[PDB]
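Read the single chain below, which is given as structure tokens and is the form deposited in one PDB entry.
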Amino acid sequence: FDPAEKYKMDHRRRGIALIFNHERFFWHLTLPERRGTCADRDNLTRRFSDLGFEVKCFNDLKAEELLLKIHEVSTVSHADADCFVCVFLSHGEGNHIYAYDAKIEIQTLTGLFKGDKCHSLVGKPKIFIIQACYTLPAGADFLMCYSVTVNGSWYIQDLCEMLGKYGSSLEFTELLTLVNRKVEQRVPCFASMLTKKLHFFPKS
């Protein structure tokens, strides 16, 4: 029973990094524009591509479209993939994220990737990064990263900076730990249901 066991990260593909980016909102929600979220979006796009991810961004989806998209991604095959990354950059009321027109419960989004529902991701890391102005990991191998101006937000800037230097070498949670320190110096948080060490060594 090896205390230095790492997740298997030598599949054909790294996997998908889903980015839902929300800048403006339906007028009757009365939510302020999120200035520099697009900078965050692009920054995350660079960093994650560099780590081998197929990055798919969507901007300002309405609830229906977002659920369609995420449900779709939950149902393609991840059998030849290492892991899955999903990012939300929007407003958040409670355990909800905002789409363009309405709230969605985070649990209903994350639950799409639990084992009973997404077989090809079983025993692989499922990483959610949630940057929102609450929800425990959906199950085994889930990692939730919470953040708790025109050039981006502190959390995404510092996460991306760390991904840039250390992403290819460090264990991912120790890298988040650095992000905690970085941000604090200028507090964010991760919650882990991971079962092994996670690294993003460059692929063959």
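Residue indices: 1-based, along the sequence shown.
Another form, the form deposited with a partner chain bound, is not on view; read the next lines as being about it.
In terms of contact with its partner chain in the bound PDB entry, the residue from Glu54, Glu64, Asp50, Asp42 that brings a heavy atom within 4.5 Å is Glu64.
Not displayed here, its partner chain is approached by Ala102 to within 4.5 Å at the level of heavy atoms in the bound PDB entry.
Using a 4.5 angstroms threshold between heavy atoms, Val73 stays clear of its partner chain in the bound PDB entry. In the bound PDB entry, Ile127 stays away from its partner chain, with no heavy atom inside 4.5 Å. The shortest heavy atom separation between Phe26 and its partner chain in the bound PDB entry is within 4.5 Å. Heavy atoms of every residue among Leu68, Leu112 and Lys117 are located within 4.5 Å of its partner chain in the bound PDB entry.
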